[PDB]
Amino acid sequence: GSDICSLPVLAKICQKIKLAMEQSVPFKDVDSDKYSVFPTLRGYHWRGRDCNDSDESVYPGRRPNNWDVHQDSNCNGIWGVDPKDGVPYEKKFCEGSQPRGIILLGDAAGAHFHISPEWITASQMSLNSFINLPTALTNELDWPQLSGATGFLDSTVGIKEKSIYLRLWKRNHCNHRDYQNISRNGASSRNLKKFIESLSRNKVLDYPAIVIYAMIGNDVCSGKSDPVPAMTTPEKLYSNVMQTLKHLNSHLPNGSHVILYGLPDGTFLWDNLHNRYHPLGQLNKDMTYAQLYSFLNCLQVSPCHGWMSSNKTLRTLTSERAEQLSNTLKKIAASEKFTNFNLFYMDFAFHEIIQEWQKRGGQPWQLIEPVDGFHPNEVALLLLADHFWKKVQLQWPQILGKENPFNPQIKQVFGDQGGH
């Protein structure tokens, strides 16, 4: 009787918001092409900003509509005609460069789940602490605009590394805005089918895409008292992934690439954090991550009982299963073939990330979200993107394409290409 959502005008707004969140598509999306002019609520913080929200045929990643003579049809900021010779700018600057988008099929880490310690640390709390809170809530507490795969804002942390998207734009400026973070906090191989349709890519009308499949925890993470039986089996993961890959084959244009990320060895969490104080326990040094883990497990609300546990036996079983699921992904990429994309596998390899972080004078505990003591933070995600880029450069240079020779001219004629 109280709820606004039964009011005359707000009823349709309510349902539209809920439907958008159910489907993980932008709430503000007039032409319904899944790209938005609004940042949050699955908006352009998650995907490229829609340069024309009144034209479903205009969105990031689309092949140019007659070389974008009269309209920038792919929101990359490149359009018009050069009066010097009458040649369309997109033709001379982008044709033959083989543009491509970046797509992340991921979980809380890929979307960069982050509860700010400023929100719960009384010693430093102020009015400025919560200015970012409305944005984070309407982003489901994710920060994809700063993530390691699809981040495009200037980083909070002091390290220079960029997201995969911005490294892809830098290589070929025609890829401006062609990013999509298709991730959910609880996403796994089991439930990716429930929002795989939120992916935007037309097999025939859009450019190819690099797709990162990064279900890197939820298949072995659970809050149940006995979390072992709840973990995905290698047989079921294979079955789940194959359905996903089969779905991608009928949506991705030819020339696409799918990269399967292995699962981490989460034992480094307990090892590096169980003695350290949680933000809530820093004022009076009376709460550690060990105390937090035990609290959450008693309540059965831990994001990952298997790894966030004092029970070494359980931590060992979780990594063992994660190793088996990673090997299953390795065997899918090595042996499964699809007409419209090539497959690749990459170990999570967080030990290599720690070593790199240690080279720069850092310690492992500084790579984990302070509040939840589980997810990798912005530092770790950018270091994972750096490791990703260099490995693909070394092993599969074709995935990233070639450096576009016309990048300087694109910058000179179009500048920031419209921003994000």
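From 1 onward, residues are counted along the sequence shown.
S.K.: If you take the mean CA temperature factor per stretch, which one wins between 225-233 and 200-208?
M.R.: Here the higher of the two C-alpha B-factor means belongs to 225-233.
S.K.: Could you check the entry and say whether 350-358 or 27-35 has the higher mean CA B-factor?
M.R.: 350-358 has the higher mean C-alpha B-factor.
S.K.: So among 152, 113, 268, 295, who wins on Cα B-factor in the entry?
M.R.: That would be 268.
S.K.: Check the PDB entry and point out which of 174, 258, 137, 287 has the largest C-alpha temperature factor.
M.R.: Most elevated C-alpha B-factor of the set, per the entry: 287.
S.K.: Taking the entry's C-alpha B-factors for this chain, is residue 49 in the lowest, middle or highest third?
M.R.: As the PDB entry reports it, the C-alpha B-factor of residue 49 lands in the lowest third of its chain.
S.K.: For residue 167, return the chain-relative third of its C-alpha B-factor as stated in the PDB record: lowest, middle or highest.
M.R.: Its C-alpha B-factor belongs to the lowest third of this chain's values.
S.K.: Please place residue 190 in the lowest, middle or highest third of its chain according to the CA B-factor in the PDB entry.
M.R.: Lowest third, going by the recorded CA B-factors of the chain.
S.K.: Check where residue 77 lands among this chain's C-alpha B-factors and tell me if it's the lowest, middle or highest third.
M.R.: As the PDB entry reports it, the C-alpha B-factor of residue 77 lands in the lowest third of its chain.
S.K.: Can you tell me which third, lowest, middle or highest, the CA B-factor of residue 96 falls into for its chain?
M.R.: Middle third, going by the recorded CA B-factors of the chain.
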